[PDB]
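The next block is coords_7.pdb, given as PDB, N, CA and C atoms.
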ATOM      1  N   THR K   1      93.491  28.601  26.162
ATOM      2  CA  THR K   1      93.025  29.330  24.938
ATOM      3  C   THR K   1      92.651  30.727  25.359
ATOM      4  N   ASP K   2      92.898  31.703  24.484
ATOM      5  CA  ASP K   2      92.655  33.117  24.691
ATOM      6  C   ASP K   2      91.199  33.438  24.935
ATOM      7  N   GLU K   3      90.301  32.736  24.235
ATOM      8  CA  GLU K   3      88.865  32.868  24.350
ATOM      9  C   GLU K   3      88.350  32.580  25.742
ATOM     10  N   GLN K   4      88.876  31.525  26.370
ATOM     11  CA  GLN K   4      88.573  31.131  27.728
ATOM     12  C   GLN K   4      88.979  32.175  28.749
ATOM     13  N   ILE K   5      90.168  32.764  28.571
ATOM     14  CA  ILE K   5      90.709  33.824  29.407
ATOM     15  C   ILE K   5      89.851  35.071  29.334
ATOM     16  N   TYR K   6      89.422  35.439  28.122
ATOM     17  CA  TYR K   6      88.573  36.583  27.873
ATOM     18  C   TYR K   6      87.218  36.451  28.535
ATOM     19  N   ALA K   7      86.610  35.265  28.433
ATOM     20  CA  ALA K   7      85.344  34.918  29.041
ATOM     21  C   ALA K   7      85.387  34.983  30.549
ATOM     22  N   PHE K   8      86.489  34.514  31.142
ATOM     23  CA  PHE K   8      86.731  34.548  32.569
ATOM     24  C   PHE K   8      86.770  35.967  33.104
ATOM     25  N   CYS K   9      87.455  36.865  32.393
ATOM     26  CA  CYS K   9      87.607  38.237  32.823
ATOM     27  C   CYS K   9      86.406  39.085  32.503
ATOM     28  N   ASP K  10      85.558  38.642  31.571
ATOM     29  CA  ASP K  10      84.262  39.235  31.304
ATOM     30  C   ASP K  10      83.354  39.070  32.514
ATOM     31  N   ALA K  11      83.449  37.919  33.182
ATOM     32  CA  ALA K  11      82.708  37.626  34.386
ATOM     33  C   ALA K  11      83.305  38.276  35.618
ATOM     34  N   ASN K  12      84.604  38.589  35.579
ATOM     35  CA  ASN K  12      85.359  39.024  36.738
ATOM     36  C   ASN K  12      86.159  40.246  36.366
ATOM     37  N   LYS K  13      85.478  41.304  35.923
ATOM     38  CA  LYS K  13      86.089  42.526  35.435
ATOM     39  C   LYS K  13      86.924  43.287  36.443
ATOM     40  N   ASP K  14      86.471  43.324  37.698
ATOM     41  CA  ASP K  14      87.049  44.168  38.724
ATOM     42  C   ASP K  14      88.086  43.432  39.542
ATOM     43  N   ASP K  15      88.386  42.180  39.173
ATOM     44  CA  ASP K  15      89.538  41.434  39.645
ATOM     45  C   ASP K  15      90.796  42.130  39.153
ATOM     46  N   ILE K  16      91.831  42.179  39.996
ATOM     47  CA  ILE K  16      93.111  42.825  39.765
ATOM     48  C   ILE K  16      93.808  42.226  38.559
ATOM     49  N   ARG K  17      93.701  40.904  38.399
ATOM     50  CA  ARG K  17      94.337  40.158  37.338
ATOM     51  C   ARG K  17      93.685  40.390  35.986
ATOM     52  N   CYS K  18      92.443  40.879  35.990
ATOM     53  CA  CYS K  18      91.651  41.125  34.806
ATOM     54  C   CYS K  18      91.607  42.602  34.471
ATOM     55  N   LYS K  19      92.512  43.399  35.050
ATOM     56  CA  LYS K  19      92.592  44.817  34.752
ATOM     57  C   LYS K  19      93.506  45.091  33.574
ATOM     58  N   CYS K  20      93.990  44.031  32.925
ATOM     59  CA  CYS K  20      94.761  44.111  31.702
ATOM     60  C   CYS K  20      93.883  43.788  30.526
ATOM     61  N   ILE K  21      92.619  43.469  30.797
ATOM     62  CA  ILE K  21      91.607  43.219  29.802
ATOM     63  C   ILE K  21      90.661  44.395  29.893
ATOM     64  N   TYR K  22      90.462  44.914  31.108
ATOM     65  CA  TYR K  22      89.561  46.010  31.377
ATOM     66  C   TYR K  22      90.268  47.032  32.242
ATOM     67  N   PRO K  23      91.018  47.992  31.674
ATOM     68  CA  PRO K  23      91.696  49.024  32.442
ATOM     69  C   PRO K  23      90.736  50.160  32.701
ATOM     70  N   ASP K  24      90.943  50.880  33.806
ATOM     71  CA  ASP K  24      90.220  52.079  34.174
ATOM     72  C   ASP K  24      90.464  53.181  33.159
ATOM     73  N   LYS K  25      89.474  54.060  32.971
ATOM     74  CA  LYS K  25      89.403  55.034  31.896
ATOM     75  C   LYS K  25      90.546  56.026  31.857
ATOM     76  N   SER K  26      91.035  56.443  33.028
ATOM     77  CA  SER K  26      92.181  57.321  33.178
ATOM     78  C   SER K  26      93.438  56.750  32.571
ATOM     79  N   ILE K  27      93.667  55.450  32.773
ATOM     80  CA  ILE K  27      94.799  54.691  32.277
ATOM     81  C   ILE K  27      94.828  54.689  30.762
ATOM     82  N   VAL K  28      93.660  54.493  30.139
ATOM     83  CA  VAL K  28      93.483  54.473  28.700
ATOM     84  C   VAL K  28      93.844  55.803  28.077
ATOM     85  N   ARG K  29      93.364  56.897  28.676
ATOM     86  CA  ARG K  29      93.654  58.256  28.264
ATOM     87  C   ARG K  29      95.112  58.622  28.365
ATOM     88  N   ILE K  30      95.765  58.207  29.454
ATOM     89  CA  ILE K  30      97.188  58.386  29.683
ATOM     90  C   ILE K  30      98.006  57.684  28.621
ATOM     91  N   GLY K  31      97.608  56.464  28.247
ATOM     92  CA  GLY K  31      98.275  55.669  27.235
ATOM     93  C   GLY K  31      98.198  56.296  25.868
ATOM     94  N   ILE K  32      97.044  56.873  25.524
ATOM     95  CA  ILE K  32      96.824  57.618  24.299
ATOM     96  C   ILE K  32      97.710  58.845  24.225
ATOM     97  N   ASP K  33      97.802  59.592  25.327
ATOM     98  CA  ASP K  33      98.498  60.862  25.382
ATOM     99  C   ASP K  33     100.002  60.699  25.426
ATOM    100  N   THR K  34     100.478  59.532  25.869
ATOM    101  CA  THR K  34     101.894  59.240  26.018
ATOM    102  C   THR K  34     102.353  58.450  24.802
ATOM    103  N   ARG K  35     101.410  58.085  23.926
ATOM    104  CA  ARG K  35     101.608  57.311  22.712
ATOM    105  C   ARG K  35     102.258  55.961  22.952
ATOM    106  N   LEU K  36     101.844  55.270  24.015
ATOM    107  CA  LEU K  36     102.290  53.930  24.300
ATOM    108  C   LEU K  36     101.096  53.229  24.917
ATOM    109  N   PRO K  37     100.583  52.096  24.396
ATOM    110  CA  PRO K  37      99.470  51.343  24.971
ATOM    111  C   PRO K  37      99.610  50.994  26.432
ATOM    112  N   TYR K  38      98.485  50.876  27.144
ATOM    113  CA  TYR K  38      98.419  50.696  28.581
ATOM    114  C   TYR K  38      99.131  49.453  29.070
ATOM    115  N   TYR K  39      99.054  48.363  28.302
ATOM    116  CA  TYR K  39      99.566  47.063  28.687
ATOM    117  C   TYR K  39     101.074  46.977  28.707
ATOM    118  N   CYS K  40     101.744  47.965  28.112
ATOM    119  CA  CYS K  40     103.182  48.045  28.049
ATOM    120  C   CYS K  40     103.784  48.554  29.347
ATOM    121  N   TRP K  41     103.004  49.278  30.161
ATOM    122  CA  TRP K  41     103.547  49.956  31.329
ATOM    123  C   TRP K  41     102.761  49.763  32.606
ATOM    124  N   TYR K  42     101.469  49.440  32.507
ATOM    125  CA  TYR K  42     100.567  49.341  33.642
ATOM    126  C   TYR K  42     100.957  48.196  34.569
ATOM    127  N   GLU K  43     100.961  48.463  35.878
ATOM    128  CA  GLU K  43     101.476  47.589  36.916
ATOM    129  C   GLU K  43     100.838  46.215  37.043
ATOM    130  N   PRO K  44      99.509  46.011  36.967
ATOM    131  CA  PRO K  44      98.920  44.681  37.026
ATOM    132  C   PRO K  44      99.219  43.817  35.832
ATOM    133  N   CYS K  45      99.830  44.362  34.779
ATOM    134  CA  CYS K  45     100.128  43.630  33.567
ATOM    135  C   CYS K  45     101.588  43.277  33.535
ATOM    136  N   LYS K  46     102.324  43.679  34.575
ATOM    137  CA  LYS K  46     103.680  43.250  34.822
ATOM    138  C   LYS K  46     103.721  42.293  35.989
ATOM    139  N   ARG K  47     102.558  41.992  36.575
ATOM    140  CA  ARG K  47     102.396  40.918  37.533
ATOM    141  C   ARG K  47     102.542  39.563  36.889
ATOM    142  N   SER K  48     103.003  38.581  37.665
ATOM    143  CA  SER K  48     103.275  37.250  37.174
ATOM    144  C   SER K  48     102.094  36.329  37.396
ATOM    145  N   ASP K  49     101.023  36.841  38.010
ATOM    146  CA  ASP K  49      99.783  36.116  38.193
ATOM    147  C   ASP K  49      98.698  36.701  37.309
ATOM    148  N   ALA K  50      99.060  37.675  36.468
ATOM    149  CA  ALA K  50      98.176  38.345  35.539
ATOM    150  C   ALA K  50      97.609  37.405  34.504
ATOM    151  N   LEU K  51      96.356  37.641  34.110
ATOM    152  CA  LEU K  51      95.675  36.845  33.120
ATOM    153  C   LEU K  51      95.840  37.542  31.799
ATOM    154  N   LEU K  52      96.749  37.024  30.971
ATOM    155  CA  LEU K  52      97.139  37.631  29.724
ATOM    156  C   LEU K  52      96.953  36.602  28.631
ATOM    157  N   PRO K  53      96.043  36.801  27.662
ATOM    158  CA  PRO K  53      96.003  36.090  26.390
ATOM    159  C   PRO K  53      97.317  36.060  25.642
ATOM    160  N   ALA K  54      97.525  35.036  24.814
ATOM    161  CA  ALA K  54      98.649  34.911  23.908
ATOM    162  C   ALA K  54      98.661  36.026  22.890
ATOM    163  N   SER K  55      97.481  36.399  22.388
ATOM    164  CA  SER K  55      97.289  37.516  21.484
ATOM    165  C   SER K  55      97.709  38.843  22.078
ATOM    166  N   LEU K  56      97.345  39.086  23.341
ATOM    167  CA  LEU K  56      97.738  40.263  24.092
ATOM    168  C   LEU K  56      99.225  40.306  24.358
ATOM    169  N   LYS K  57      99.826  39.149  24.651
ATOM    170  CA  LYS K  57     101.249  38.986  24.874
ATOM    171  C   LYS K  57     102.079  39.351  23.666
ATOM    172  N   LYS K  58     101.614  38.961  22.477
ATOM    173  CA  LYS K  58     102.176  39.358  21.204
ATOM    174  C   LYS K  58     102.111  40.852  20.981
ATOM    175  N   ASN K  59     100.985  41.479  21.339
ATOM    176  CA  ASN K  59     100.774  42.914  21.239
ATOM    177  C   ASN K  59     101.697  43.734  22.123
ATOM    178  N   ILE K  60     101.990  43.239  23.331
ATOM    179  CA  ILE K  60     102.965  43.794  24.264
ATOM    180  C   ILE K  60     104.359  43.779  23.663
ATOM    181  N   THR K  61     104.693  42.717  22.927
ATOM    182  CA  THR K  61     105.986  42.556  22.282
ATOM    183  C   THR K  61     106.090  43.483  21.079
ATOM    184  N   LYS K  62     104.946  43.874  20.513
ATOM    185  CA  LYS K  62     104.863  44.686  19.322
ATOM    186  C   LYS K  62     104.700  46.163  19.625
ATOM    187  N   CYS K  63     104.659  46.543  20.910
ATOM    188  CA  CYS K  63     104.759  47.944  21.291
ATOM    189  C   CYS K  63     106.182  48.246  21.690
ATOM    190  N   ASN K  64     107.049  47.234  21.600
ATOM    191  CA  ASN K  64     108.487  47.286  21.767
ATOM    192  C   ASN K  64     108.921  47.859  23.094
ATOM    193  N   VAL K  65     108.299  47.397  24.179
ATOM    194  CA  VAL K  65     108.678  47.774  25.522
ATOM    195  C   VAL K  65     109.798  46.849  25.946
ATOM    196  N   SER K  66     110.761  47.381  26.701
ATOM    197  CA  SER K  66     112.007  46.713  27.012
ATOM    198  C   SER K  66     111.973  46.048  28.369
ATOM    199  N   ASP K  67     110.803  46.032  29.001
ATOM    200  CA  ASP K  67     110.578  45.458  30.302
ATOM    201  C   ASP K  67     109.399  44.486  30.105
TER
END
Output the file's structure in the form of structure tokens.
Amino acid sequence: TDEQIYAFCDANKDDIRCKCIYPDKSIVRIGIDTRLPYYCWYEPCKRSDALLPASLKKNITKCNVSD
């Protein structure tokens, strides 16, 4: 469940796998300025061990990234 994943990364913010729930401030600004959300391009969110909610996964599909 997405709620469980969120709770886990709330406790473990600075874990690499939880940087798709809590990205560094520079990344957020870059995403705004490039007009594409951070999760569409950021490297820890293209990892296969990444902790990604189903809701977040849908959002990635809805920014229409081809990778």
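The spacing separating CA of residue 16 in chain K from CA of residue 39 in chain K amounts to 13.5 Å.
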Which protein, DNA or RNA residues are at most 5 Å from (102.7, 50.3, 23.5) in the file's coordinates when you count all atoms listed in the file, listed as a compact mmCIF listing (two decimals) with N, CA and C atoms, in the frame of the given file?
# COMPACT_ATOMS: atom_id res chain seq x y z
N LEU K 36 101.84 55.27 24.02
CA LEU K 36 102.29 53.93 24.30
C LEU K 36 101.10 53.23 24.92
N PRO K 37 100.58 52.10 24.40
CA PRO K 37 99.47 51.34 24.97
C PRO K 37 99.61 50.99 26.43
N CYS K 63 104.66 46.54 20.91
CA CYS K 63 104.76 47.94 21.29
C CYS K 63 106.18 48.25 21.69
Practice task
Give me, please, the distance in Å between CA of residue 17 in chain K and CA of residue 51 in chain K, quoted to one decimal.
Solution key: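 For CA of residue 17 in chain K relative to CA of residue 51 in chain K, the distance reads 5.5 Å.
Between atom N of residue 23 in chain K and atom C of residue 59 in chain K there is a distance of 14.9 Å.
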Practice task
Determine which residues of chain K DSSP labels as helix (DSSP H, G or I) from the backbone of this structure, then write them out as a ChimeraX atom specification.
Solution key: /K:2-11,16-18,25-33,38-40,43-45,54-61
Handout entry: Long-range neighbours of residue 2 in chain K as a PyMOL selection string, 5 Å cut-off, only N, CA and C atoms, 3 positions minimum in chain
Key = chain K and resi 5-6+53
Store the residues picked out above in a file with N, CA and C atoms, as a PDB file, in the frame of the given file.
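And here is the file that came out, part.pdb:
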ATOM      1  N   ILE K   5      90.168  32.764  28.571  1.00  0.00           N
ATOM      2  CA  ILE K   5      90.709  33.824  29.407  1.00  0.00           C
ATOM      3  C   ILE K   5      89.851  35.071  29.334  1.00  0.00           C
ATOM      4  N   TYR K   6      89.422  35.439  28.122  1.00  0.00           N
ATOM      5  CA  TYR K   6      88.573  36.583  27.873  1.00  0.00           C
ATOM      6  C   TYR K   6      87.218  36.451  28.535  1.00  0.00           C
ATOM      7  N   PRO K  53      96.043  36.801  27.662  1.00  0.00           N
ATOM      8  CA  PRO K  53      96.003  36.090  26.390  1.00  0.00           C
ATOM      9  C   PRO K  53      97.317  36.060  25.642  1.00  0.00           C
TER      10      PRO K  53
END
Handout entry: Within 9 Å of residue 8 in chain K using only C-alpha atoms, minus same-chain residues under 5 positions, as a ChimeraX atom specification
Key = /K:3,13,18
Would you mind putting N, CA, C and O atoms back on range 36-51 of chain K and writing the result as a tab-separated table (two decimals), in the frame of the given file?
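Saved file result_6.tsv follows:
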chain	number	residue	atom	x	y	z
K	36	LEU	N	101.84	55.27	24.02
K	36	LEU	CA	102.29	53.93	24.30
K	36	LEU	C	101.10	53.23	24.92
K	36	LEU	O	100.59	53.74	25.92
K	37	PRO	N	100.58	52.10	24.40
K	37	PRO	CA	99.47	51.34	24.97
K	37	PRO	C	99.61	50.99	26.43
K	37	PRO	O	100.74	50.84	26.90
K	38	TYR	N	98.48	50.88	27.14
K	38	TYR	CA	98.42	50.70	28.58
K	38	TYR	C	99.13	49.45	29.07
K	38	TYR	O	99.76	49.47	30.12
K	39	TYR	N	99.05	48.36	28.30
K	39	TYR	CA	99.57	47.06	28.69
K	39	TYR	C	101.07	46.98	28.71
K	39	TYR	O	101.64	46.04	29.27
K	40	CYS	N	101.74	47.96	28.11
K	40	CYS	CA	103.18	48.04	28.05
K	40	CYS	C	103.78	48.55	29.35
K	40	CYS	O	104.95	48.29	29.62
K	41	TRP	N	103.00	49.28	30.16
K	41	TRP	CA	103.55	49.96	31.33
K	41	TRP	C	102.76	49.76	32.61
K	41	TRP	O	103.32	49.91	33.69
K	42	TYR	N	101.47	49.44	32.51
K	42	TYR	CA	100.57	49.34	33.64
K	42	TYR	C	100.96	48.20	34.57
K	42	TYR	O	101.28	47.10	34.12
K	43	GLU	N	100.96	48.46	35.88
K	43	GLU	CA	101.48	47.59	36.92
K	43	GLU	C	100.84	46.22	37.04
K	43	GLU	O	101.60	45.25	37.16
K	44	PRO	N	99.51	46.01	36.97
K	44	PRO	CA	98.92	44.68	37.03
K	44	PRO	C	99.22	43.82	35.83
K	44	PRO	O	98.87	42.64	35.88
K	45	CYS	N	99.83	44.36	34.78
K	45	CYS	CA	100.13	43.63	33.57
K	45	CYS	C	101.59	43.28	33.53
K	45	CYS	O	102.05	42.60	32.61
K	46	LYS	N	102.32	43.68	34.58
K	46	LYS	CA	103.68	43.25	34.82
K	46	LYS	C	103.72	42.29	35.99
K	46	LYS	O	104.78	41.78	36.35
K	47	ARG	N	102.56	41.99	36.58
K	47	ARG	CA	102.40	40.92	37.53
K	47	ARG	C	102.54	39.56	36.89
K	47	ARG	O	102.24	39.39	35.71
K	48	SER	N	103.00	38.58	37.66
K	48	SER	CA	103.28	37.25	37.17
K	48	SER	C	102.09	36.33	37.40
K	48	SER	O	102.13	35.17	36.99
K	49	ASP	N	101.02	36.84	38.01
K	49	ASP	CA	99.78	36.12	38.19
K	49	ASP	C	98.70	36.70	37.31
K	49	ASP	O	97.55	36.28	37.37
K	50	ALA	N	99.06	37.67	36.47
K	50	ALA	CA	98.18	38.34	35.54
K	50	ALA	C	97.61	37.40	34.50
K	50	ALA	O	98.28	36.48	34.05
K	51	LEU	N	96.36	37.64	34.11
K	51	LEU	CA	95.68	36.84	33.12
K	51	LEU	C	95.84	37.54	31.80
K	51	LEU	O	95.18	38.55	31.53
